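Beneath this line is the structure, given in structure tokens, with notes to follow.
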Amino acid sequence: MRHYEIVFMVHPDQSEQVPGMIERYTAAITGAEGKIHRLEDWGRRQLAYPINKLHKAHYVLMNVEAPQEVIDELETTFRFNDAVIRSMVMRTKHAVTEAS
Amino acid sequence: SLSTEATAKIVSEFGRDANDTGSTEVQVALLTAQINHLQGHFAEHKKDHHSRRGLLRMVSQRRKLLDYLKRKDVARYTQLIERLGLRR
Amino acid sequence: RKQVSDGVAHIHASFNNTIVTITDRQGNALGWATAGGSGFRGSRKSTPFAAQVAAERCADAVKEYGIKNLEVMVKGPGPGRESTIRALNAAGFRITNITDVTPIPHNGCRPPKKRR
Amino acid sequence: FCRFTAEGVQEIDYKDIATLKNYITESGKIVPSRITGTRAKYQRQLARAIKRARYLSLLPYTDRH
Amino acid sequence: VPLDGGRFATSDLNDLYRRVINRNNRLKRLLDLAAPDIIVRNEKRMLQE
Amino acid sequence: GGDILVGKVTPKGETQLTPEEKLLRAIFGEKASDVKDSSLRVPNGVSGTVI
Amino acid sequence: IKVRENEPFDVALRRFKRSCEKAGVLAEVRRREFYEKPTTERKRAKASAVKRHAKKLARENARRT
RNA sequence: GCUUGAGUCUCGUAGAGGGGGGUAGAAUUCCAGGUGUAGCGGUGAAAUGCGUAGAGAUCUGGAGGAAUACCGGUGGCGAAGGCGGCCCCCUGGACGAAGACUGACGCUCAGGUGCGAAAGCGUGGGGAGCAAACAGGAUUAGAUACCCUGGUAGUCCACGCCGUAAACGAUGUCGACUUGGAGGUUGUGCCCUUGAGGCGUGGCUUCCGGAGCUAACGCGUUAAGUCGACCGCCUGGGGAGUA
RNA sequence: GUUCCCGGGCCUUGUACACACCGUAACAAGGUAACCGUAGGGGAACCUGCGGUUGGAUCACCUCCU
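Chains as they are written, first to last, in the working numbering: chain A, 2 to 101; chain B, 3 to 90; chain C, 7 to 122; chain D, 15 to 79; chain E, 9 to 57; chain F, 364 to 414; chain G, 6 to 70.
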């Protein structure tokens, strides 16, 4: 219903087992009335400051039109999933697709 | 705030038009229904020292709204409270 | 001793005391020098010439380790911060990089109560 | 004066951060209004984007940690 | 009209009147300090060219 | 008419820059307003078909 | 903050430290907060800086000397 | 009954606005370990204290607590007080393009009620930094004062009471009226927004001034100018904003 | 040569002064800026912490970039 730009990062060591993680979350969006606009994938880019041991996390983007109550519980999933350490949801009304 | 898909319902009922939300029988309803949607705010958290003035504002504008409807036509007045239920 | 070339020289000129200390890249301290131990106790503790002698005290008794390219990382915006740097360049060193990693809080704790 | 807020109408994004790098420095500092002639609208929009990128380690906070 | 870079694409007529004005003030100076005739007349030939 | 066929980069000059854009040269970069676009152009009155 | 200039220098040149902050962070975290005080001297300062602009506007019309 | 008053709806906007909670990072204090010196702190100067039971200082790791540098801008929100990191949940106030309506439903107001910085106290947690009472060294004729080493209430969070102020651009509140420029800040309409613009329409706020007022300073479209409406206040100060 | 020093003069800045410079608390920046509110203490003025305001002073020099 509303637009939520869920941008998140997993660790470079989880960059090899993250595609399974992607199918996890996107399947849930389809089971929660939703449609993806851009599965933006850059790669494992260098972090400015290493997080307690290593830098270079892996960035993956959603930018999905989805209901606020399911994404809320979805954010709880991210919060207690230790691969995805930094994950935030953005503004509504417009989720983009370009600039990659 | 009063969500839009509750608002449009209320306006088309009380009013003849869908834009007829300026008639007192509708002005008061959307004000009361706005507080009915605001109950979820003053029921929890309790310390809204800013939203406090907002309540006093819209409800006072309603006390005098019902004031003139009272003095002009007691038939539609008792009808406003008989179609929504904003007396008590 | 310990054999180090890159000596992280933290020079902390606060307000009325300037401390110069070269440490190891890892962290093993090498030798220190202060505006208060070389003498100059007073408004002289707040002078860059005292900081120049502080650099000189941190120039000798440290050749036992033998640093050349040193990371003079300056802390605390104080009196010296250049007289001390050129004291080291005229001491026989080659400062590979002068960094400004001063003790910076994001206005974390409150500042201290002093001066009037 | 600048050609980023002229040919760049409507909210400057931050996926590719190269444009915010025109408005920050190589230290991690944010450029002030008086240098590049850029009215606050564009200026504070960049502001929102920047805070977000630093939380996600795209942009650094200070120089060194 | 200087040349875009650091040179002169100008009508070097200016670079010519330049010397004319140089030598002009020169002989008037040789009136003030009163220099010998053979050289002020040498300047006559100079402003002449 | 006067279309562009191929583009030609060409040095411009410090003479061509104002003090207002000598501040933006210390920020943005050197090769931004240093070289201009003086490409190969089709003079007025010439038609053609690139083959 | 971090200046290097390879190896031909024989000079410090901490000119970026000053172009960063230097005394910037210090002005607020050296002596007690006082909260409202700096605000006061901000008004006085502006009154004399804007008057400097009024000064630049007063000299343009005559200054016949 | 009719509208130039108030107000509502459809479509959008920015933010230190408030309540509850979670989280990231630096620095200060302390503890343990690697290293090492003979000094650290501070002041106009000095000194108590710490220290050879290896302090101050640096690096790695860790447990608490308070507060958010740069961005910062007589910038922003708000009735006011007051309030700067980010986000989630609930949600308020202000404003604008183009239309539809009830048809003055508007304003203020003693007794009253609510909000009410900071601080004090009762209670459950708590303590890095600073700091009433107090101990010590001195400038001094003296120090219960400037300064410094320690340190309790407190500072912080939640529930109440006291319900106090320079709660002061000292400018009470709503509406109407009155040549402009530089700005700052937030939207929209129109035109080649081709490009960092031009011409209008509202809110908040700053400086220079005209009409006007005043003792003067100066305020000046946000007025100390011109009116209507409502409440409170003064009749020399001290005594006393007290018993 | 006017920065050092003794005297004179012009302009400017500030004053609750003009009767005209037991402890100095305010008025010069009173050499610790002032004032109101809250709590506590001290022979006494007031002091310390916190919030706010202008019924406040100088924005004069010494070193670095075209």
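The beta-carbon is built from N, C-alpha and C at its ideal position, and this holds for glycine as well.
Exposed unless 16 or more other CB atoms sit within 10 angstroms - verdict on residue i
| i | result |
| --- | --- |
| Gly44 of chain A | exposed |
| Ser19 of chain E | exposed |
| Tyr28 of chain D | buried |
| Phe15 of chain D | exposed |
| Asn32 of chain E | exposed |
| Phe16 of chain E | exposed |
| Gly56 of chain B | exposed |
| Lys51 of chain G | exposed |
| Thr373 of chain F | exposed |
| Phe44 of chain B | exposed |
| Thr70 of chain G | exposed |
| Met10 of chain A | buried |
Best match in the options for proximity to residue i [C-alpha to C-alpha]
| i | options | result |
| --- | --- | --- |
| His4 of chain A | A:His95, A:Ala100, A:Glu41 | A:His95 |
| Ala35 of chain B | B:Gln81, B:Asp75, B:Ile12, B:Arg59 | B:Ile12 |
| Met89 of chain A | D:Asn36, D:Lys65, D:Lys35, D:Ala32 | D:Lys65 |
| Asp15 of chain G | C:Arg122, C:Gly98, C:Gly114, C:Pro117 | C:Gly98 |
| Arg78 of chain B | B:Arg54, B:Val28, B:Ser3 | B:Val28 |
| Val369 of chain F | F:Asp400, F:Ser410, F:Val409 | F:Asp400 |
| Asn22 of chain C | C:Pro111, C:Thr53, C:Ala15 | C:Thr53 |
| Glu383 of chain F | D:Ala54, D:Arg48, D:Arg78 | D:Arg48 |
| residue 144 of chain C | C:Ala35, C:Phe46, C:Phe55 | As displayed, chain C neither begins before 7 nor continues past 122, which places residue 144 of chain C out of reach and without an answer. |
| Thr93 of chain A | A:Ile72, A:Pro51, A:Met10 | A:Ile72 |
| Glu12 of chain G | C:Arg116, C:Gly48, C:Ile101 | C:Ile101 |
| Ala67 of chain D | D:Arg58, D:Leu34, D:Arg78 | D:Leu34 |
| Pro74 of chain D | A:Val65, A:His56, A:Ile37 | A:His56 |
| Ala28 of chain A | A:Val65, A:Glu99, A:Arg80 | A:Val65 |
| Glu99 of chain A | A:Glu41, A:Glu6, A:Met22 | A:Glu41 |
Cβ-Cβ distance between residue i and residue j below 8 Å
| i | j | result |
| --- | --- | --- |
| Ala41 of chain C | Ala61 of chain C | no |
| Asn103 of chain C | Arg9 of chain G | yes |
| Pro85 of chain C | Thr108 of chain C | no |
| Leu62 of chain A | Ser71 of chain D | no |
| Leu60 of chain D | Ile26 of chain D | yes |
| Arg25 of chain A | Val97 of chain A | no |
| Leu32 of chain B | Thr26 of chain B | no |
| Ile30 of chain A | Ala58 of chain A | no |
| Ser89 of chain C | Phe55 of chain C | yes |
| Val405 of chain F | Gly364 of chain F | yes |
| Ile91 of chain C | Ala17 of chain G | yes |
| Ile367 of chain F | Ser396 of chain F | no |
| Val61 of chain B | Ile37 of chain B | yes |
| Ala57 of chain C | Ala19 of chain C | yes |
Check: Does the segment 10-26 of chain A come close enough to the segment 79-95 of chain A to have 3 or more Cβ pairs within less than 8 Å?
Finding: yes
Next item on the list: Give, in chain order, every residue of the segment 23-47 of chain G whose Cβ lies closer than 7 Å to some Cβ of chain D.
Entry: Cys25
Next item on the list: Closer than 8 Å, Cβ to Cβ, to anything on chain G: give me those residues from the segment 100-113 of chain C, in chain order.
Entry: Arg100, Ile101, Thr102, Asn103, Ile104, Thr105, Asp106, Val107, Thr108, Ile110, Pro111, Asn113
Check: Are there three or more Cβ pairs, one per stretch, closer than 8 Å when the segment 61-81 of chain C is compared with the segment 8-27 of chain C?
Finding: As far as the Cβ criterion goes, the segment 61-81 of chain C touches the segment 8-27 of chain C, which means the pair count is three or higher.
Next item on the list: Assess, as a yes-or-no matter, whether the segment 18-31 of chain C is touched by the segment 49-63 of chain C under the definition of 3 or more beta carbon pairs within less than 8 Å.
Entry: yes
Next item on the list: Scan the segment 21-54 of chain C for residues whose Cβ lies nearer than 7 Å to a Cβ of chain G and list them as they occur along the chain.
Entry: none
Note to self: Check whether the segment 22-37 of chain G and the segment 110-122 of chain C are in contact - that is, three or more C-beta pairs closer than 8 Å.
What the structure shows: Enough Cβ pairs lie closer than 8 Å, so yes.
Notebook entry, point to check: When the Cβ atoms of the segment 373-380 of chain F are set against those of the segment 39-56 of chain E, are three or more pairs found closer than 8 Å?
Noted result: Segments in contact, no.
Next item on the list: Using a Cβ-Cβ cut-off of less than 7 Å, list which residues of the segment 31-61 of chain D approach chain G; keep chain order.
Entry: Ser41, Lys43
Margin query: Please identify, using Cβ separations under 7 Å, the residues of the segment 83-94 of chain C that lie next to chain G, in order along the chain.
Written below: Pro83, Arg87, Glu88, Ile91, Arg92
Margin query: Please list, in chain order, the residues of the segment 365-393 of chain F that have any C-beta partner in chain D closer than 8 Å.
Written below: Under the 8 Å Cβ criterion, the segment 365-393 of chain F contributes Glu383, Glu384, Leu386, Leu387, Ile390, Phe391.
Notebook entry, point to check: Given a limit of 8 Å on CB to CB distance, which residues of the segment 71-90 of chain A reach chain D?
Noted result: Listed in sequence order: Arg87, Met89.
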